[PDB]
Amino acid sequence: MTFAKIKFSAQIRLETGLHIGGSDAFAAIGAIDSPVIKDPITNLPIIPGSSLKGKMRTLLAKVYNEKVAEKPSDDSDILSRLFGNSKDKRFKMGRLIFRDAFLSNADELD
Amino acid sequence: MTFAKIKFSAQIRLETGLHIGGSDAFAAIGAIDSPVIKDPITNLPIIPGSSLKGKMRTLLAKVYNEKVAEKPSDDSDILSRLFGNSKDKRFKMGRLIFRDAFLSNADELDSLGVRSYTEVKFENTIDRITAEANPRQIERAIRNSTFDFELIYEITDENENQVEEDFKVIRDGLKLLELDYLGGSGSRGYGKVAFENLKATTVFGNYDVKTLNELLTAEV
Amino acid sequence: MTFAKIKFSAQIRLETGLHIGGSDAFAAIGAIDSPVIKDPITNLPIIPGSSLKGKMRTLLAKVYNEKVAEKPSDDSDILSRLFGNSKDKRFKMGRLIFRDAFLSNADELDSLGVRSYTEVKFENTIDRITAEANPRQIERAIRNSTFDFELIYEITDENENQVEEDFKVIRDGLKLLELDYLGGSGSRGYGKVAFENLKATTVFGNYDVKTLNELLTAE
Amino acid sequence: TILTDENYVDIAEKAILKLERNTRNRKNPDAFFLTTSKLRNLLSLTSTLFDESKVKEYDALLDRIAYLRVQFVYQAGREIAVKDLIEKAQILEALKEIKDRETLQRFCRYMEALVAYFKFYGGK
Amino acid sequence: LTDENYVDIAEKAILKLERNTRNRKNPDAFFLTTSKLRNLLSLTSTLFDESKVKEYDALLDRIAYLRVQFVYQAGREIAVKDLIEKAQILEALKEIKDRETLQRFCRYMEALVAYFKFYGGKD
Amino acid sequence: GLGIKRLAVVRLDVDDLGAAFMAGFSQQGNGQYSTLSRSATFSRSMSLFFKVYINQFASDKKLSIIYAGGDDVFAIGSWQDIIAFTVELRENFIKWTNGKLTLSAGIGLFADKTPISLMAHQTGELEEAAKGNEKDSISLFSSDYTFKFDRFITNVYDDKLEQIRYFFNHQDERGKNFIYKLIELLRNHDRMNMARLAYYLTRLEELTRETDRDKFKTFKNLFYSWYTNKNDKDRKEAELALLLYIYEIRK
Amino acid sequence: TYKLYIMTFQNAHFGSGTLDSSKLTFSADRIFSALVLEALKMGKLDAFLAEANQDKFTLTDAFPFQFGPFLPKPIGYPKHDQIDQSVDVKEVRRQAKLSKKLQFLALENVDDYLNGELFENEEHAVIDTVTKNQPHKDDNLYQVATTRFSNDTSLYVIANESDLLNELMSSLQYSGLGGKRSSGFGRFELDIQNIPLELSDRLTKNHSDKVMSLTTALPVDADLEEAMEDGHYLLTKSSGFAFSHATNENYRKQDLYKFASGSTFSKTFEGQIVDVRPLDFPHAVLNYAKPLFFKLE
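This text gives an overview of the structure that appears in the document. (Residues numbered from 1 in each chain as written, not as in the entry; some residues may be left out. Chains lettered and ligands numbered in written order. Part of a larger assembly, values for the part shown. Heavy atoms only, no water. Residues with missing side-chain atoms left out of burial classes, pairs and counts.)

## Topic: the overall build of chain B
Going by this rule: A run of DSSP states H or I qualifies as a helix once it reaches four residues; a run of E qualifies as a strand once it reaches two. Both are numbered from the N-terminal end. Residue contacts are defined here by distance: any two heavy atoms, one from each residue, within 4.5 Å place the two residues in contact.
The helix and strand inventory of chain B stands at five helices and nine strands. If you list the helices and strands of chain B from N to C, you get β-β-α-α-β-β-α-β-β-β-α-β-β-α. Residue pairs in contact within chain B that sit at least 24 positions apart in sequence constitute 70% of those at least 6 positions apart.

Pasting the structure below:
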């Protein structure tokens, strides 16, 4: 099948409160909480693609490997094919590209 | 048929954080980071033209070769024509000149109150048996950064129809970059990029761009 | 018309990092893989006149040669008159004298608290089948370095019409350098260059430069 | 007075030597209370200041030198080994003494020096 | 008023701040705790964060809400009201005409808190 | 596929040979030992050394001896073998002479196809730099790298270079890159760059594997010792050994 | 015999027979050739050759000029009776080699040098070759050696000032000297300067006691035997391809052997401007070899 790119798009809606990332850099002066990963320019929460890829992959390993899978290098060809495998010549470059997701509905919430 | 030089200009907007980088032993004495490539005088992020050219070329090989090429020497005449081929006498000098892209909107950002042009992204990995977490910091050029983009195309000895094909290849290349990433940790959401205000201009000789400008405002 | 020497002077600004590159054993020392040509006494980057002349000539061949020439002896009389032709009695020396350009703003940069006048650029290569990376370091003279530029035009056996055409060729040459690069890894973003404060001056004889200066400031 | 061209690095070294070390560790040598992670967000700001001292002029960056001071005290408030550092190394005084791009760049370099000799003599 | 040399002002205020001198180790012994401030600091920061992509003319509801919770909290705890006095915050609020003025105040809050934590405040 | 693609020249010379031939036998006794016969025998010693024995020092090395005599030795070959040839030749010469006579030499380094005239000339200049010390020196690849033969042999060739080799043959691309920093810092010796030196040294120590962590601790502090000496000799030798190493690995 | 014409270059190439050779200084013939060639395009050749054949006309090899003029080491000196100290042999031979290595004295030192005082060279420049390429084959790759001037070292020449000469030199300073001038080398800045008495006192063109030549020069067939018998000289070989617009082809001019500056002779001789053109060439090809001298004691 000659080359093509299919773009899966959706809106992630948070059904409960979400907490991912961040550090004492992005922090507010006198914040006492565990802060969240934020887009630096808008100071809004962002859902990092690294997170989405990570979680989806480790969950999918439980389904699709039928193998121990001690390290991600050891995943099955079908998962390596999609998420990429640093130690396999064939899958060094993966067929999926996850993207940092940004908050749409600020106005709805306001 | 004659001689002329067309300048493709745009503004590259970073849709997500971008990481090229990689001078580790020439890094800032600061703290742990995987540093990003910076213009030495301003210490600002730079998009090296080498990066743009490389990525666009390897993307375009997937479309335009129609036989897998072991080496870039083995690319099709259409790609060799544009990007250069060292081992083909005809294409030793390519019709495209990519340019290091520099941060345009420093002033826009200073107005928006930004205190750095690069973020440090904190990530980790979870051992799949032990559940142990190993953390990792890596530098990105911040998200709504924009860079002046410049690409030069040279018409000598090409059927006006050959110029047409070349333009097709350039537009496919840029779109493919838009539907991919600029080399980073791309699979994990880095290096998403957009070309805004994309336009052609004949800066030497005479060529008619009106139709092309229409077509590339269409395809981005 | 009478004999005269006009000096084209400018400051070459590096718009992107420039790499020309070291041959001189002093400047060939392997402390970096791919060094840049440097003036031995100051160890600053230098823009060799041979580079400017060569590049400007081969650029101008694309415009002004009726027939594309195998050897530089086959260049058009319009190029040969300016750059010289070793096999033609009339043009054995051209009417142009290039000068090695030297770093002007070293002091400006030292004051700004710049440290080296060259960056070390890291690049790599991706195998197309194995995806493995082979990395590469190569020196550039830092961007926004400036170099004092000087080119001499000699008016001898030219009819005023002829000196006008020569001036056209020189302005095309400089613009073509601006819309190209100074020899480096140009395709990959290296040699971009600008001529600032571009000016003509008669340094010998009488010629009137007013209209030329206008035409240079506008192209 | 405090920061001279001849002066700064020798001072920085002296400060890193006089710094509070964990003598309560039987296992560890002179081992620092201080830890690069505590300084990271701080000296990132220092570096952005130096980097911009070249492309902009002194007055234009007054806002930045403001926010530096703040962050310094804030971190010295939140971490004990930080307060110890910016104490022994007279940091806040050193900011007060910056009228000048020359002086400013010297301070940025001062931080660089402090950190270098911190890591050298046992680090995070 | 306050602007552009306001860190020195913020400090000058904070060293003047109220002290529980009874404590056996009552150094300066601030009566105040970051806990008491928290809500109105999250508010002040959200105001700064918001003024970047919105306009001084159309924000002022949120600036009312800020003044409000200032007074409310000033009532609810004594050391807060004391802070608002000695750092003249309430005088400062009414003084905000520009987005320049507003951003200055946000910065001012930041400064106050920094020097609070520095000088032995308990968060 | 390891090693810089260069070929080298060596030019080397006995030191004050004229002085030896005419009055080297005058010191002991009081000139009673200065005869014609004695000097003749001297001449034979040097003929023998330089026209017979020289070939043996060349054996199994990729090089050619073009001129050979107490006056002038000229040899061109591949670079590592030329340096081996020079060193083997000299130490044989010191032993043969019982320490009472020395050589100076200089060693040129050039890309393929540079012409003979050029190499001969530039390497002659390097040799004169070497004679430029108190005449017991060797100059390699630049007049700046000029060392008493004794301490180039003992210190650069088979100490500093062996230490460097040992640590960096273990390191990966990322660490091998630090060599460039070290080079730079050596060329820009100043107070603050001592700080920076320390920083990237401990950074390297961090990236080094735990097998060599102890040996590397010793080495790191030794380096900073060289770099801190008010006497510049050790850091010069350092620059040149790092160079030798980089040339030695390059593809 | 009048003024010091001080050319100050940054980059020059003075080929000593190969493009990958280069020298500190150039000789009278080179700049005479260059002057001729500048006159020719200015129009004024005939007038310049007029001036050149005047006994008044004076041209000298170029020399180092560093906060004051230098001169050539007098070949032949010091003599045996001024050079034989009681020191050991190793020292005598080191300083003998130091004396052979020597090129140019400063004027201040020349009498000293003759009387036996030792001097060594100074750094007036650094010479290095660089490789350039032409991007059409591996068959064009070449090295050009340049002299790069250091330590406020100019070159100078003594010449007899005239309105025309002054004009030609001013024009030459945008044409360059030696060199690949087209390609970047040779340009200079001229300063015509009064000649210190300490020197001009010692210049003659006729004198019947010992003199050192300041010009690479060839005596007239009539004076030659004498200057060679009681002389002390180094013969240098002038060779090259005649530059000219006469013909497309390139012909080697005639090899000419001259006495180098400063060879020393028991007395001044008359010199020549030699025609070294290829046999049956359209125009004369002029090698300037007419001495200016410096007296000794």
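## Remarks on the interface of chain A and chain D
Selection rule: Under the grouping applied here, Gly and all other residues not named as nonpolar or charged are polar, the nonpolar ones being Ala, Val, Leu, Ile, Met, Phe, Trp, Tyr, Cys and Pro and the charged ones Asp, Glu, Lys and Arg.
Contacts between the two partners involve six residues from chain A and, on the opposite side, five residues from chain D. Of the residues contributing to the side of chain A that touches chain D, the split by class is four nonpolar, one polar and one charged.

## Observations concerning the interface of chain C and chain G
What counts is decided by this rule: Pairs of strands are assigned from DSSP output, requiring at least two bridges between the strands.
Every contact between the two is made by 32 residues of chain C and, on the other side, 34 residues of chain G. For the side of chain C that touches chain G, the elements supplying multiple residues, two or more each, are α2 (49-64), β4 (96-99), β8 (146-155) and β10 (193-204) of chain C. If one sorts the elements of the side of chain C that touches chain G by residue count, β4 of chain C sits on top with four residues. Class assignment for the residues of the side of chain C that touches chain G results in 13 nonpolar, five polar and 14 charged. Across two bridges, the pairing between β4 of chain C and strand β9 (residues 183-184) of chain G is parallel. Considered in β9 of chain G, the bridge of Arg99 of chain C is made with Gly184 of chain G.

## Observations concerning the sheet that holds strand β15 (residues 264-265) of chain G
Residues and elements named next belong to chain G. Across the sheet, four strands lie side by side as β11-β18-β12-β15; this open sheet has antiparallel pairing. Both outer strands of the open sheet, β11 (203-204) and β15, are each paired with one neighbouring strand and no more. In the sheet, β11 pairs with strand β18 (residues 293-295) via two bridges, with the strands oriented antiparallel. Paired with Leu203 across the two strands is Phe294, which belongs to β18.

## A short note on the sheet that holds strand β1 (residues 3-8) of chain G
All names here are of chain G. Note the threshold: The angle between two axes is taken between their N-to-C directions and runs from 0 to 180 degrees, where each axis is a line fitted to C-alpha atoms and a helix contributes only its stretch in contact.
Pairing within the open sheet is antiparallel, and its four strands lie in the order β3-β8-β1-β10. At either margin of the open sheet sits one strand with a lone partner, and together these are β3 (63-65) and β10 (189-194). Each strand axis lies, on average, 40 degrees off the axis of its neighbour in the sheet, ignoring direction. Pairing geometry for β3 and strand β8 (residues 154-159), over three bridges, is antiparallel. Bridge pairing in β8 places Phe65 opposite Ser154. Packing of helix α5 (residues 163-172) onto the sheet brings it into contact with β1, β8 and β10, and relative to β1 it is tilted by some 10 degrees.

## Here's the deal with the side chain of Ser51 of chain E
All names here are of chain E. Selection rule: Under the scheme applied here, a residue whose accessible area is under 20% of the maximum for its type counts as buried, over 50% as exposed, and between as partly exposed, the area being computed with a 1.4 Å probe on protein chains only. In protein, a polar contact requires one atom able to donate a hydrogen and another able to accept it; more generally it is a pair of N or O atoms within 3.5 Å, and residues adjacent in sequence count only if both atoms are side-chain atoms.
Among the secondary structure elements, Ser51 is positioned in helix α2 (residues 34-51). On the accessibility criterion, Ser51 (1% relative accessible area) is buried. Here the side chain of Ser51 touches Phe48 through a polar contact of 3.0 Å, landing on its backbone oxygen. If we ignore the near neighbours within four places in the chain, the residues touching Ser51 are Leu59, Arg99, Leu102 and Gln103.

## Examining the pattern of salt bridges
This is how the line gets drawn: Every case where a carboxyl oxygen of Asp or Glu lies within 4 Å of a side-chain nitrogen of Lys or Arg is listed as a salt bridge.
Counted by the stated rule, this structure contains 98 salt bridges over all chains. The partner of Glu150 of chain B in a salt bridge is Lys7 of chain B, and the shortest N-O contact between them spans 3.8 Å. On the criterion of sequence distance, the pair formed by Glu150 of chain B in strand β7 (residues 146-155) and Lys7 of chain B in strand β1 (residues 4-14) is long-range, its members being 143 residues apart. Taking relative accessible area as the criterion, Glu150 of chain B reaches 15% and is therefore assigned buried. The salt bridge involving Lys131 of chain F is made with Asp15 of chain F; its shortest N-O contact spans 3.8 Å. With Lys131 of chain F in helix α4 (residues 116-132) and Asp15 of chain F in the loop between β1 (7-14) and α1 (17-23), this pair connects stretches of sequence that are 116 residues apart. With relative accessibility at 3%, the residue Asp15 of chain F sits in the buried group. One network of salt bridges, in which partners are shared, links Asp100 of chain A together with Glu119, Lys121, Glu123, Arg136 and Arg140 of chain B.

## Observations regarding the arrangement of the chains
By contact count, the dominant pairing among the 14 pairs of chains in contact is that of chains C and G. Kept free of each other, chain A and chain F leave a smallest C-alpha distance of 17 Å between them. Spatially, chain D and chain G are disjoint, and the shortest separation between their C-alpha atoms is 29 Å.

## Comments concerning the packing of helix α3 (residues 62-78) of chain D against helix α6 (residues 99-118) of chain E
Keep this limit in mind: If you view the pair so one helix is near and one far, a crossing is left-handed when the near helix is turned anticlockwise from the far one by less than a right angle, and right-handed when it is turned clockwise.
At a minimum axis distance of 7 Å, the contact between α3 of chain D and α6 of chain E shows a crossing angle of 35 degrees. Crossing of α3 of chain D against α6 of chain E: the hand is left-handed. Across the interface between the two elements, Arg69, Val70, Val73, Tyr74, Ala76, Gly77 and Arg78 of chain D of α3 of chain D pack against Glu110, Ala111, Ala114, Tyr115, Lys117 and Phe118 of chain E of α6 of chain E. For the contact of α3 of chain D with α6 of chain E, a count of residues per class yields eight nonpolar, one polar and four charged.

## Thoughts on the pairing of strand β3 (residues 73-78) of chain F
A regular strand places its side chains on the two faces of the sheet in alternate fashion. Residue and element names in this part refer to chain F. For β3, the buried fraction is high: five of the six residues fall into the buried class. Note that β1 and β3 share six bridges and pair antiparallel. Residue pairing across strands places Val10 opposite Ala75, the latter belonging to β3. For strand β2 (residues 63-68) and β3, the ladder comprises five bridges, and the chain directions are antiparallel. Within the sheet, the bridge partner assigned to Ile65 lies in β3 and is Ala75. Here β2 folds back onto β3 in antiparallel fashion, the turn holding four residues.

## Observations regarding unusual backbone geometry
For the bond from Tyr77 of chain G to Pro78 of chain G, the omega torsion is -5 degrees, close enough to zero to count as cis. Topologically, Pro78 of chain G is positioned in the loop between β4 (70-72) and α3 (89-100). Even without a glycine there, the phi angle at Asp16 of chain F is positive, about 55 degrees. In this fold, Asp16 of chain F is placed in the loop between β1 and α1. By relative accessible area, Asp16 of chain F is classed as buried at 12%. The backbone phi angle of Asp152 of chain G is positive, close to 55 degrees, even though this residue is not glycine. For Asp152 of chain G, the location among the structural elements is in the loop between β7 (141-149) and β8.

Worth remembering: the numbers are spatial, not functional.
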